[PDB]
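Below you'll find the structure, written out as C-alpha cells, and then a few comments.
Just so it is clear, none of the values below were taken in a lab; they were calculated from the coordinates. Using ideal geometry, Cβ is built from the backbone for each residue, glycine included, and neighbour counts are taken over all protein chains shown.
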Ligand SMILES: [Zn+2]
Ligand SMILES: [Zn+2]
C-alpha cells in the first residue's frame, strides 16, 4: 500500500513535496500555487479553481483563509487514508500512481518521447533565497484543486489539445479534479418502515472521491472513450455515456448494449496497440534527461505489454482482457461502496436532492477513517444510519438560500 | 379473439356503432364528433384533439378532409388487426374490452353505483329525423383521437376529478389516446458492420399503439400508480416512474428498487381490496337502469375476486399475484416487440431522433398485418431491415423544417 504523507498548510516550501506550481499552461507569466505531494504523482492544491431540478451551491468565502486551506488539506489526506484502509482502494491508488501518461500525444512524432507537452508536464518554480527562481518541468498524474464558483459540482478533466484527445487515445493525460470534501450529495431510498416512505441520505465523501478517482484512472490509461456521437439534425453526444455508467456500476445491459460494450472494448484495445506500435519506434526524446529504456519499461508495466526477444512490444489478448475488466468493471462506485459499507444511490439515474455541508469530517466522534459516518460503537452501522439524514443530524447542516441557486429544466429555442 | 369491424368515414350515423359523441364533459353545449366502434367499448374519433434535444412535429392540415379521416380510420383498424394477429395482442385486446371502469370514484357513496360520472360516461346524441335529438349517457373503455397541435406526441390520459384520481385507486377510468399512426418514432442501434456505426430505425406504429394500450389497461384497472413523490426544496414527482418502466420492459432492477416494486404492488392490492369492500355494500345505483348484480359479476370477473357463500367478495392473494404480474410484467413493449418480430429502442433511456412520416401504411407491398414492414418476401425480415432507415427508404419520407420545431434542454430560473 501507498504511503500517504501528512502536512500542515503552513509547512514551508521545500521544492520537493511542498512547491509552487503553475498547472494550467502559460499566458507566459501565469499564477503559481502552493501544492502538497501527499502520494507519489498526486498533488493537493487547497485553492479555488479559477481558470428535473438543479441546485448550485455558491460560497465565495470557501478556501480564502490559510486556516481553511489547512482544513481542506487535512480532510483530503484523511479521505485518501480512508480509501487506503481496504485492499480495493489500495489497489485503486497503486494503479493511479503507476499510470504515468505517455510522453507524447497525436501530434508528437511517433519515433520520439516528448515530456514537454501539456498532457504530460506543468511548471514548477524552484524557490531559492538569494537567486532568481528557476522554472522547471514537472510530471504529475493527479492534481486536486478546490472547487470553482459552484461547490456542489465536483468534476474531473484535462486540458485537451488542439484537435486530438489523449485521454481517449491510449496516451492518457495528467488529470485534474475540482473537489469539495465538505459538500455532501444527498439522495433517496424508498424504505419499508422497519408503510413505505422516502428516506434521505448523504454521501460519504471518500466514496465521492473514489468515484472521480475511477475517472482519473480511465483518463490516465487513455481509455476514457466516448460512445459514437449521434450524427446526421445537429451532431451531438449520446446522453448515456458507457464509461459514465461503467464508473457507477460496471456492466449495465439494460441500458448499454453488447455492441456498445464491444465498440468501447475494441477502441481501448486499438489504443493500447497504438502505444505498443509507438514504443517499437521510439529512439529518442525531444529534450534532454529522458532515459528512453527506463520509460519503455514503465509503459510496458503500465499497459502490461509483452516483449519479444528483440525488444518488440505487443498486446496480449488475455492480458488486455484482464486489465480492461479491472479498469472498467472492477473499480466501480457500487463495488467500492459495498466493500466499504457505504450507502450510495440506487442507480445512476436516481436524482440528487439539494446538497448539505459538513464541518465535522476531522471530528473522529462523527467521521472515521475505518468506518466513515457509519460507526458501530454509536449504533450508526446498522442500515447505514450514520448516512441517514433523519438519524445522524449532528453530522451536517442544511445550506441556506443565500448560498443555493435553483434551476428548472426547460425546453428552449437553440 | 375480439372482432374488429371495418368502416368507411362516410358510412352513415346509425346511433349504434357510428355515432355523434361529446367525450369531454360539458360547458353544457359542447362539440360533438363522428365516432366508430371498431371493437366493443373501443371507439375511433378521426379528428384532431382540440380540448437533450426535442422535435415537435406540426401539421395543421392533418385530418381536415374527409378523405384523410377515412385514411386515419382505416389505418387504425389495420393496426388493431395487426395487434389482433397473434395470441399476446389478442389477450391485450380481450383484457381492455373486459376492463370496464367501476361505476363510481372516491366521491361517490360507497353503497352506490353511479354511472353518471366523468370517469365512466360521455354524452351520445341519438340522431332521429323529424324529432329533436336526445342526449344519452354512454359508457366506453377507450376513445382514440387524432393528435392535438403536436403530431409527434402520442399520449394517453383521463379527465381527472376534483381531488382524487380513479386511474390510480382501483376504480379505473375511461381512457383517451391521442394518436398519429403515420408519424414514426426514430431510434438508433450501434451495429457491427455485418467497424461499428449508428444505424437508424423507425417504429412499427402497431407497437407504438400497443405501448399506449398497455397504459390504457393499467388505467382501466386503476393501477396506474405513481412512485412516492420527492417531498421536503419544492415537492415534485420522481423522474423515473416505475409504471412507465414496467410498460417498456417489465422489471428493471438496475433502475427500480425492490422496495419501489413492493410499494406499487401493495398499493395495487389495497386498491383491489377497496373495490371488493365497495362491492360488498353496494345496494343500489344513483340512477335508473343499472342492474346491480350484473355489474357486481362484471367486476368480480374483471378483478378476479373470490365470492363466498354469502355473496361476499374478497381478494385472493394468488389470484391477485397472477393478474398483477400479467398486467405489469406480461404486457410490455419489449415482450410484444419480441413476439411480433418488431425492432424497438434498446432501452427506455435511448433517445429519439427526429420523427419521420409514412403515407404507405395502407399499401400491402410496404406494410402488412402479419409482418408489418419486415416482409420476408422482400428480404426485409432479416435484421429487421424493413424498419432500417438506410434500407427501406421507400417506406417513409423525412419531415421538413416547415413542420419541425426544435428545442434544446436548458436550466432556467423557476
Ligand atoms: Zn462519474
Ligand atoms: Zn409509456
Revision key, fill the gap. Calculated from DSSP helices alone, with each H run of at least 4 adding -39500 (n - 2.57) and the total divided by the residues of chain B, [θ]222 nm to the nearest 500 comes to -8000 deg cm²/dmol
Exercise for review: Kindly identify the range A:336-403 as rounded, prolate or oblate by the Cα gyration tensor criterion: order the square roots of the eigenvalues as a ≥ b ≥ c, call it rounded if a/c is under 1.5, otherwise compare a/b with b/c, prolate if a/b is larger, else oblate.
Suggested key: oblate
Practice item. Mind checking the full-extension length gain between residue A:351 and residue A:393? Use 0.36 nm per residue of separation minus the Cα-Cα distance, one decimal, nm. Key: 13.0 nm
Review point. Put a dot 7 Å past each Cα toward the Cβ at residue B:162 and residue A:360; how far apart are the dots in nm?
Key: 5.0
**Study point:** Average other protein chain Cβ within 10 Å of Cβ, residues A:403-413
**Key:** 5
Check your understanding: To the nearest Å, what is the center-to-center distance of the range A:181-203 and the range A:318-367, using C-alpha atoms only?
Key -> 15
Study note, to complete from the structure: Here the correct list, in nm and shortest first, of distances from residue B:234 to the same site in the other copies, label points 7 Å along Cα→Cβ, is 2.7
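Would you please classify the overall shape of the range A:163-245 from the alpha carbon gyration tensor, given that a ≥ b ≥ c denote the square roots of the eigenvalues, rounded means a/c under 1.5, and beyond that prolate means a/b larger than b/c while oblate covers the rest?
Verdict is oblate for the range A:163-245.
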Point to revise | Fewest-first sequence of B:41, A:174 by Cβ atoms within 10 Å of each Cβ | key: B:41, A:174
Revision key, fill the gap. Across B:344-353, the residue-averaged tally of Cβ atoms belonging to other chains within 10 Å stands at 4
Practice item. Return the average number of partner chain Cβ atoms within 10 angstrom of each residue Cβ along peptide B:292-300. Key: 0
Revision key, fill the gap. Per the C-alpha gyration tensor (a ≥ b ≥ c, the square roots of its eigenvalues), the range A:108-255 is rounded if a/c is under 1.5, else prolate if a/b beats b/c, else oblate; here it's oblate
Exercise for review: Just rank A:211, B:218, A:403, fewest to most, by other beta-carbon atoms within 10 angstrom.
Suggested key: A:403, A:211, B:218
Review point. Tell me, how many Å apart are the Cα centres for the range A:247-272 and for the range B:18-65?
Key: 46
Review point. What order do you get for A:222-228, B:391-397 when each peptide is scored by the mean count of other beta carbon atoms within 10 Å, highest first?
Key: A:222-228, B:391-397
Practice item. One decimal, nm, shortest first: give the distances between the label point of residue B:107 and those of the same position in the other copies, each label point 7 Å from Cα along Cα→Cβ. Key: 7.0
**Study point:** Computed FRET value (nearest 0.05) for residue A:329 with residue B:400, which takes r as the C-beta separation and R₀ as 41 Å
**Key:** 0.35
Revision key, fill the gap. Taking the label point 7 Å from Cα along the Cα-Cβ vector, the copy-to-copy distances for residue A:376, listed from shortest in nm with one decimal, are 6.4
Practice item. Run a plain Debye calculation on chain B (Cα atoms as equal point scatterers, no solvent) and give log10 I(q)/I(0) at q = 0.13 Å⁻¹, rounded to two decimals, same order as the q list. Key: -1.23
Exercise for review: Determine by what factor the alpha-carbon radius of gyration of the protein assembly as shown differs from 2.2 N^0.38 Å, reporting the quotient.
Suggested key: 1.14
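What is the order of B:318, B:111, fewest Cβ neighbours within 10 Å to most?
Working: B:318 8, B:111 11.
Lowest count first: B:318, B:111.
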